[PDB]
file entry_37.json (JSON, C-alpha atoms and all ligand atoms)
[["chain", "number", "residue", "atom", "x", "y", "z"],
["L", 1, "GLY", "CA", 98.16, 121.05, 115.90],
["L", 2, "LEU", "CA", 98.72, 117.33, 116.34],
["L", 3, "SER", "CA", 98.71, 115.58, 119.70],
["L", 4, "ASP", "CA", 101.78, 113.73, 120.91],
["L", 5, "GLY", "CA", 99.94, 110.48, 120.08],
["L", 6, "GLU", "CA", 99.21, 111.69, 116.56],
["L", 7, "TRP", "CA", 102.84, 112.66, 115.98],
["L", 8, "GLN", "CA", 103.92, 109.20, 117.13],
["L", 9, "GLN", "CA", 101.56, 107.68, 114.58],
["L", 10, "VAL", "CA", 102.90, 109.96, 111.84],
["L", 11, "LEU", "CA", 106.50, 109.00, 112.53],
["L", 12, "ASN", "CA", 105.60, 105.33, 112.78],
["L", 13, "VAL", "CA", 104.01, 105.48, 109.33],
["L", 14, "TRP", "CA", 107.08, 107.37, 108.13],
["L", 15, "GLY", "CA", 109.23, 104.35, 109.01],
["L", 16, "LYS", "CA", 107.51, 102.56, 106.12],
["L", 17, "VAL", "CA", 108.60, 105.29, 103.74],
["L", 18, "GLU", "CA", 112.17, 105.28, 105.07],
["L", 19, "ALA", "CA", 112.60, 101.58, 104.29],
["L", 20, "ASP", "CA", 112.27, 102.44, 100.59],
["L", 21, "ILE", "CA", 112.51, 106.21, 100.13],
["L", 22, "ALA", "CA", 113.22, 106.09, 96.41],
["L", 23, "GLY", "CA", 110.36, 103.66, 95.68],
["L", 24, "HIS", "CA", 107.85, 105.66, 97.69],
["L", 25, "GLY", "CA", 109.11, 108.92, 96.18],
["L", 26, "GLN", "CA", 108.90, 107.58, 92.65],
["L", 27, "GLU", "CA", 105.36, 106.28, 93.17],
["L", 28, "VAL", "CA", 104.23, 109.55, 94.72],
["L", 29, "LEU", "CA", 105.51, 111.59, 91.77],
["L", 30, "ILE", "CA", 104.10, 109.15, 89.22],
["L", 31, "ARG", "CA", 100.71, 109.27, 90.95],
["L", 32, "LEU", "CA", 100.89, 113.08, 90.86],
["L", 33, "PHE", "CA", 101.94, 113.30, 87.20],
["L", 34, "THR", "CA", 99.49, 110.70, 85.87],
["L", 35, "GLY", "CA", 96.52, 111.99, 87.88],
["L", 36, "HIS", "CA", 97.30, 115.63, 87.13],
["L", 37, "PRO", "CA", 99.32, 116.00, 83.91],
["L", 38, "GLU", "CA", 99.49, 119.77, 84.32],
["L", 39, "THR", "CA", 101.92, 119.18, 87.18],
["L", 40, "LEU", "CA", 104.46, 117.58, 84.85],
["L", 41, "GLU", "CA", 104.73, 120.86, 82.96],
["L", 42, "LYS", "CA", 106.23, 122.57, 86.00],
["L", 43, "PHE", "CA", 109.24, 120.25, 85.69],
["L", 44, "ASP", "CA", 111.42, 121.15, 82.73],
["L", 45, "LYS", "CA", 113.36, 117.96, 83.45],
["L", 46, "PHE", "CA", 110.32, 115.65, 83.46],
["L", 47, "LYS", "CA", 108.32, 117.20, 80.59],
["L", 48, "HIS", "CA", 109.86, 114.69, 78.17],
["L", 49, "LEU", "CA", 108.20, 111.80, 79.98],
["L", 50, "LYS", "CA", 105.37, 110.95, 77.61],
["L", 51, "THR", "CA", 104.24, 107.69, 79.21],
["L", 52, "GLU", "CA", 104.07, 106.10, 82.65],
["L", 53, "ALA", "CA", 106.51, 103.44, 81.46],
["L", 54, "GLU", "CA", 108.98, 106.23, 80.74],
["L", 55, "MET", "CA", 108.27, 107.71, 84.17],
["L", 56, "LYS", "CA", 108.89, 104.34, 85.83],
["L", 57, "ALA", "CA", 112.14, 103.89, 83.88],
["L", 58, "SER", "CA", 113.42, 107.35, 84.79],
["L", 59, "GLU", "CA", 116.28, 107.19, 87.27],
["L", 60, "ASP", "CA", 116.23, 110.97, 87.60],
["L", 61, "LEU", "CA", 112.57, 110.88, 88.61],
["L", 62, "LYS", "CA", 113.39, 108.37, 91.36],
["L", 63, "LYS", "CA", 116.26, 110.64, 92.40],
["L", 64, "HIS", "CA", 113.92, 113.61, 92.67],
["L", 65, "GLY", "CA", 111.46, 111.45, 94.61],
["L", 66, "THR", "CA", 114.23, 110.83, 97.14],
["L", 67, "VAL", "CA", 114.93, 114.56, 97.38],
["L", 68, "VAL", "CA", 111.25, 115.34, 97.91],
["L", 69, "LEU", "CA", 110.55, 112.72, 100.56],
["L", 70, "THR", "CA", 113.83, 113.40, 102.36],
["L", 71, "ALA", "CA", 112.82, 117.07, 102.69],
["L", 72, "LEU", "CA", 109.30, 116.17, 103.82],
["L", 73, "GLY", "CA", 110.64, 113.63, 106.33],
["L", 74, "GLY", "CA", 112.95, 116.23, 107.88],
["L", 75, "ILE", "CA", 109.96, 118.53, 108.25],
["L", 76, "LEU", "CA", 107.73, 115.84, 109.77],
["L", 77, "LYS", "CA", 110.38, 114.92, 112.33],
["L", 78, "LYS", "CA", 110.20, 118.49, 113.65],
["L", 79, "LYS", "CA", 106.62, 117.74, 114.73],
["L", 80, "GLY", "CA", 105.31, 121.15, 113.70],
["L", 81, "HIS", "CA", 108.38, 123.13, 114.79],
["L", 82, "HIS", "CA", 109.44, 123.46, 111.20],
["L", 83, "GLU", "CA", 109.57, 127.18, 110.39],
["L", 84, "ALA", "CA", 113.24, 127.14, 109.36],
["L", 85, "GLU", "CA", 112.78, 124.05, 107.19],
["L", 86, "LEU", "CA", 109.45, 125.00, 105.67],
["L", 87, "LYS", "CA", 109.87, 128.71, 104.92],
["L", 88, "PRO", "CA", 112.61, 128.25, 102.26],
["L", 89, "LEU", "CA", 110.67, 125.39, 100.63],
["L", 90, "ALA", "CA", 107.52, 127.48, 100.46],
["L", 91, "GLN", "CA", 109.44, 130.39, 99.02],
["L", 92, "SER", "CA", 111.28, 128.39, 96.36],
["L", 93, "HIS", "CA", 108.04, 126.70, 95.35],
["L", 94, "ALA", "CA", 106.18, 129.99, 95.00],
["L", 95, "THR", "CA", 108.83, 132.26, 93.55],
["L", 96, "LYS", "CA", 111.07, 129.94, 91.56],
["L", 97, "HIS", "CA", 108.96, 126.91, 90.68],
["L", 98, "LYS", "CA", 105.56, 128.63, 90.53],
["L", 99, "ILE", "CA", 103.67, 125.78, 92.19],
["L", 100, "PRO", "CA", 100.09, 126.64, 93.08],
["L", 101, "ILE", "CA", 98.93, 125.38, 96.47],
["L", 102, "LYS", "CA", 96.46, 123.15, 94.60],
["L", 103, "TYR", "CA", 99.40, 121.04, 93.47],
["L", 104, "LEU", "CA", 100.50, 120.61, 97.11],
["L", 105, "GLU", "CA", 97.00, 119.35, 97.81],
["L", 106, "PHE", "CA", 97.41, 116.90, 94.89],
["L", 107, "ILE", "CA", 100.75, 115.59, 96.18],
["L", 108, "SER", "CA", 99.38, 115.27, 99.73],
["L", 109, "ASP", "CA", 96.56, 113.11, 98.40],
["L", 110, "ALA", "CA", 99.08, 111.11, 96.34],
["L", 111, "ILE", "CA", 101.06, 110.31, 99.49],
["L", 112, "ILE", "CA", 97.95, 108.90, 101.19],
["L", 113, "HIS", "CA", 97.14, 106.87, 98.08],
["L", 114, "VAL", "CA", 100.66, 105.47, 97.78],
["L", 115, "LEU", "CA", 100.74, 104.47, 101.44],
["L", 116, "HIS", "CA", 97.57, 102.39, 100.98],
["L", 117, "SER", "CA", 98.81, 100.99, 97.67],
["L", 118, "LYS", "CA", 102.15, 99.84, 99.07],
["L", 119, "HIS", "CA", 100.86, 98.80, 102.50],
["L", 120, "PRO", "CA", 97.30, 97.59, 102.01],
["L", 121, "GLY", "CA", 95.71, 96.64, 105.32],
["L", 122, "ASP", "CA", 98.69, 98.10, 107.16],
["L", 123, "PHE", "CA", 97.77, 101.80, 107.09],
["L", 124, "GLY", "CA", 94.97, 101.92, 109.62],
["L", 125, "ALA", "CA", 92.30, 104.51, 110.20],
["L", 126, "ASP", "CA", 94.15, 106.15, 113.08],
["L", 127, "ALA", "CA", 97.36, 106.25, 111.02],
["L", 128, "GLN", "CA", 95.59, 107.82, 108.04],
["L", 129, "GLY", "CA", 94.01, 110.41, 110.34],
["L", 130, "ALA", "CA", 97.35, 111.39, 111.84],
["L", 131, "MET", "CA", 99.25, 111.49, 108.54],
["L", 132, "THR", "CA", 96.44, 113.55, 106.99],
["L", 133, "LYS", "CA", 96.71, 116.10, 109.83],
["L", 134, "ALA", "CA", 100.48, 116.30, 109.35],
["L", 135, "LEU", "CA", 100.15, 116.87, 105.61],
["L", 136, "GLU", "CA", 97.43, 119.46, 106.17],
["L", 137, "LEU", "CA", 99.65, 121.30, 108.67],
["L", 138, "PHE", "CA", 102.51, 121.23, 106.14],
["L", 139, "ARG", "CA", 100.26, 122.51, 103.32],
["L", 140, "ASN", "CA", 98.64, 125.12, 105.53],
["L", 141, "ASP", "CA", 101.91, 126.55, 106.78],
["L", 142, "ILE", "CA", 103.06, 126.75, 103.16],
["L", 143, "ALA", "CA", 99.78, 128.50, 102.30],
["L", 144, "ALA", "CA", 100.54, 131.20, 104.90],
["L", 145, "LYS", "CA", 103.91, 131.82, 103.24],
["L", 146, "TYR", "CA", 102.21, 131.93, 99.83],
["L", 147, "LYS", "CA", 99.77, 134.56, 101.09],
["L", 148, "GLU", "CA", 102.64, 136.64, 102.43],
["L", 149, "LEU", "CA", 104.14, 136.61, 98.92],
["L", 150, "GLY", "CA", 100.77, 137.21, 97.25],
["L", 151, "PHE", "CA", 101.39, 134.06, 95.25],
["L", 152, "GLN", "CA", 98.48, 132.29, 93.59],
["L", 153, "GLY", "CA", 100.00, 130.54, 90.55],
["S", 1, "LIG", "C1", 105.75, 117.24, 99.62],
["S", 1, "LIG", "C2", 105.79, 118.35, 98.86],
["S", 1, "LIG", "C3", 107.10, 118.78, 98.18],
["S", 1, "LIG", "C4", 108.34, 118.76, 98.69],
["S", 1, "LIG", "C5", 108.78, 118.30, 100.10],
["S", 1, "LIG", "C6", 109.23, 119.26, 97.67],
["S", 1, "LIG", "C7", 110.60, 119.39, 97.79],
["S", 1, "LIG", "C8", 111.46, 119.88, 96.83],
["S", 1, "LIG", "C9", 112.88, 120.09, 97.01],
["S", 1, "LIG", "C10", 113.68, 119.77, 98.28],
["S", 1, "LIG", "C11", 113.36, 120.61, 95.88],
["S", 1, "LIG", "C12", 114.82, 121.02, 95.59],
["S", 1, "LIG", "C13", 115.13, 122.32, 96.33],
["S", 1, "LIG", "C14", 114.25, 123.50, 95.95],
["S", 1, "LIG", "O1", 114.24, 123.89, 94.75],
["S", 1, "LIG", "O2", 113.59, 124.07, 96.86],
["S", 1, "LIG", "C15", 112.26, 120.74, 94.95],
["S", 1, "LIG", "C16", 112.36, 121.22, 93.67],
["S", 1, "LIG", "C17", 111.31, 121.35, 92.80],
["S", 1, "LIG", "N1", 109.96, 121.13, 93.06],
["S", 1, "LIG", "FE1", 109.22, 120.41, 94.82],
["S", 1, "LIG", "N2", 108.50, 119.59, 96.55],
["S", 1, "LIG", "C18", 107.18, 119.30, 96.83],
["S", 1, "LIG", "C19", 106.11, 119.48, 95.97],
["S", 1, "LIG", "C20", 106.19, 119.92, 94.67],
["S", 1, "LIG", "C21", 105.11, 119.92, 93.70],
["S", 1, "LIG", "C22", 103.67, 119.45, 94.01],
["S", 1, "LIG", "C23", 105.60, 120.40, 92.55],
["S", 1, "LIG", "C24", 104.91, 120.61, 91.19],
["S", 1, "LIG", "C25", 103.71, 120.13, 90.90],
["S", 1, "LIG", "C26", 106.99, 120.72, 92.76],
["S", 1, "LIG", "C27", 107.84, 121.24, 91.81],
["S", 1, "LIG", "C28", 109.20, 121.38, 91.93],
["S", 1, "LIG", "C29", 110.07, 121.77, 90.85],
["S", 1, "LIG", "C30", 109.69, 122.13, 89.40],
["S", 1, "LIG", "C31", 111.46, 121.76, 91.43],
["S", 1, "LIG", "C32", 112.75, 122.06, 90.67],
["S", 1, "LIG", "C33", 113.16, 120.68, 90.13],
["S", 1, "LIG", "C34", 114.44, 120.66, 89.33],
["S", 1, "LIG", "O3", 114.40, 121.04, 88.14],
["S", 1, "LIG", "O4", 115.48, 120.24, 89.89],
["S", 1, "LIG", "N3", 107.32, 120.40, 94.06],
["S", 1, "LIG", "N4", 111.11, 120.30, 95.57]]
call {"tool": "encode", "arguments": {"input": "entry_37.json", "output": "structure tokens"}}
result
Amino acid sequence: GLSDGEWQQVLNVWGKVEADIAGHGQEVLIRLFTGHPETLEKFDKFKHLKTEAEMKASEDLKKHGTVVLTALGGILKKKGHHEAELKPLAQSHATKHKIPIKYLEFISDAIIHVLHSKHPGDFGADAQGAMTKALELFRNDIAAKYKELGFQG
């Protein structure tokens, strides 16, 4: 788990995201889609986006970014006590959306990238460490739910 100090760092970093949830969410999804085009194919409603310019101009993509980061933020604020929040997300992502855990790794990495991109010099080594642990815990708890379901891809 994370220490109390680590959780405080995570939620301090999260304040940056909360100042511009839509902008952070958009950039995270664009980073995901451009770095890993296979991920776009899981989204019937984003498949039509043929260029990054189109992605940037998509108001629905920004909207989904808000949905994604709002859900993640609610989970992070539980500081690991997130079974009720996380279980349904894991199950919808496995059973309905068919999202391999690899893609959760990709989006976790995208979040770290976007934080540095939007806040260069203001996302310190301790902060990166703590946020990485939180995202690993999130991913790992999802992975346990995936194993329960026998879901791979
Ligand atoms: C931080 C990690 C993620 C969070 C917090 C998150 C959150 C959400 C939420 C709240 C929804 C709407 C409710 C639901 O269907 O459960 C959703 C829908 C969806 N998610 Fe995720 N998600 C994450 C990662 C991913 C990734 C990596 C992919 C694919 C590469 C993905 C694919 C989808 C798809 C296809 C939908 C349905 C979208 C629609 O057509 O409305 N998610 N996600």
call {"tool": "closest_residue", "arguments": {"input": "entry_37.json", "among": "L:51, L:132, L:58, L:26", "to": "residue 7 (chain L)", "atoms": "all atoms listed in the file"}}
result
L:132
call {"tool": "residues_near_ligand", "arguments": {"input": "entry_37.json", "ligand": "ligand LIG 1 (chain S)", "cutoff": "6 Å", "atoms": "only C-alpha atoms and all ligand atoms", "output": "list in words"}}
result
residues 39, 42, 43, 45, 67, 68, 69, 71, 72, 89, 92, 97, 99, 103, 104 and 107 of chain L
call {"tool": "residues_around", "arguments": {"input": "entry_37.json", "residues": "residue 3 (chain L)", "least_positions_apart": "5", "cutoff": "12 Å", "atoms": "all atoms listed in the file", "output": "ChimeraX atom specification"}}
result
/L:8-10,79-80,129-131,133-134
call {"tool": "atom_distance", "arguments": {"input": "entry_37.json", "atom1": "CA of residue 28 (chain L)", "atom2": "CA of residue 146 (chain L)"}}
result
23.0 Å
call {"tool": "closest_residue", "arguments": {"input": "entry_37.json", "among": "L:37, L:65, L:88, L:73", "to": "residue 135 (chain L)", "atoms": "only C-alpha atoms"}}
result
L:73
call {"tool": "closest_residue", "arguments": {"input": "entry_37.json", "among": "L:24, L:127, L:90, L:110", "to": "residue 11 (chain L)", "atoms": "all atoms listed in the file"}}
result
L:127
call {"tool": "closest_residue", "arguments": {"input": "entry_37.json", "among": "L:12, L:118, L:33, L:2", "to": "residue 138 (chain L)", "atoms": "all atoms listed in the file"}}
result
L:2
call {"tool": "residues_around", "arguments": {"input": "entry_37.json", "residues": "residue 27 (chain L)", "least_positions_apart": "6", "cutoff": "12 Å", "atoms": "all atoms listed in the file", "output": "list in words"}}
result
residues 17, 20, 21, 33, 34, 35, 52, 55, 56, 57, 58, 61, 62, 63, 64, 65, 66, 68, 69, 107, 110, 111, 112, 113, 114, 115, 116, 117 and 118 of chain L
call {"tool": "write_last_selection", "arguments": {"input": "entry_37.json", "atoms": "C-alpha atoms", "output": "PDB file, keeping the file's coordinate frame"}}
result
ATOM      1  CA  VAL L  17     108.600 105.290 103.740  1.00  0.00           C
ATOM      2  CA  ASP L  20     112.270 102.440 100.590  1.00  0.00           C
ATOM      3  CA  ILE L  21     112.510 106.210 100.130  1.00  0.00           C
ATOM      4  CA  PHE L  33     101.940 113.300  87.200  1.00  0.00           C
ATOM      5  CA  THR L  34      99.490 110.700  85.870  1.00  0.00           C
ATOM      6  CA  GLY L  35      96.520 111.990  87.880  1.00  0.00           C
ATOM      7  CA  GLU L  52     104.070 106.100  82.650  1.00  0.00           C
ATOM      8  CA  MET L  55     108.270 107.710  84.170  1.00  0.00           C
ATOM      9  CA  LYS L  56     108.890 104.340  85.830  1.00  0.00           C
ATOM     10  CA  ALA L  57     112.140 103.890  83.880  1.00  0.00           C
ATOM     11  CA  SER L  58     113.420 107.350  84.790  1.00  0.00           C
ATOM     12  CA  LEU L  61     112.570 110.880  88.610  1.00  0.00           C
ATOM     13  CA  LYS L  62     113.390 108.370  91.360  1.00  0.00           C
ATOM     14  CA  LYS L  63     116.260 110.640  92.400  1.00  0.00           C
ATOM     15  CA  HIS L  64     113.920 113.610  92.670  1.00  0.00           C
ATOM     16  CA  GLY L  65     111.460 111.450  94.610  1.00  0.00           C
ATOM     17  CA  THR L  66     114.230 110.830  97.140  1.00  0.00           C
ATOM     18  CA  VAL L  68     111.250 115.340  97.910  1.00  0.00           C
ATOM     19  CA  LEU L  69     110.550 112.720 100.560  1.00  0.00           C
ATOM     20  CA  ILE L 107     100.750 115.590  96.180  1.00  0.00           C
ATOM     21  CA  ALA L 110      99.080 111.110  96.340  1.00  0.00           C
ATOM     22  CA  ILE L 111     101.060 110.310  99.490  1.00  0.00           C
ATOM     23  CA  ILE L 112      97.950 108.900 101.190  1.00  0.00           C
ATOM     24  CA  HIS L 113      97.140 106.870  98.080  1.00  0.00           C
ATOM     25  CA  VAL L 114     100.660 105.470  97.780  1.00  0.00           C
ATOM     26  CA  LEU L 115     100.740 104.470 101.440  1.00  0.00           C
ATOM     27  CA  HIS L 116      97.570 102.390 100.980  1.00  0.00           C
ATOM     28  CA  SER L 117      98.810 100.990  97.670  1.00  0.00           C
ATOM     29  CA  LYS L 118     102.150  99.840  99.070  1.00  0.00           C
TER      30      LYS L 118
END
call {"tool": "atom_distance", "arguments": {"input": "entry_37.json", "atom1": "CA of residue 106 (chain L)", "atom2": "CA of residue 16 (chain L)"}}
result
20.8 Å
